[PDB]
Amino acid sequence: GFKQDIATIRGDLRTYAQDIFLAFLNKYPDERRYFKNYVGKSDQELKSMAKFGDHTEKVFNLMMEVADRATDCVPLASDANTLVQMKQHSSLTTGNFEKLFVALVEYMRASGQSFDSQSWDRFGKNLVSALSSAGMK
């Protein structure tokens, strides 16, 4: 289930973080514009960049902590607030987060490996609700 998924992802954080982030950018290519260092770079080019692996790991590590801090896929309001008041997120809307999760759920459903995909969708929905309540437009 959802708790095992956190362990699956944590077990191979760098690989899952990179694969899921790329799946997001592939499904929603216009989202790349937010990451200026990644424009015009193939996947193998992106992996040769220290910041790409290091960013994507720090992103998914945080997501996993928020996921682990949740009860029945409802995140802490404090965690949503962290994400809203992060300076790297100043220009974002809840729509950006919706997109990331749609891509994450799609990736899970297409992977061999078992994931509790319904639960990640639900977590995504609850997190979007929380981001809105914490002031993200």
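Numbering starts at 1 and follows the sequence shown. C-alpha atoms forming the largest set that superposes within 1.5 Å between two forms make up the rigid core.
Remark: when the other structures in 6 other deposited structures of this protein are fitted onto this one via the rigid core, 38 to 46 deviates more than the alternative among 38 to 46 and 69 to 77, judged by RMS CA distance.
Of the two segments, 125 to 133 and 5 to 13, the one listed with the higher mean B-factor is 125 to 133 (C-alpha atoms only). Stretches compared: 66 to 74, 26 to 34. Higher mean C-alpha B-factor in the entry: 26 to 34.
Going by the entry's values, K41 shows the largest Cα B-factor out of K41, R109, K99, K58.
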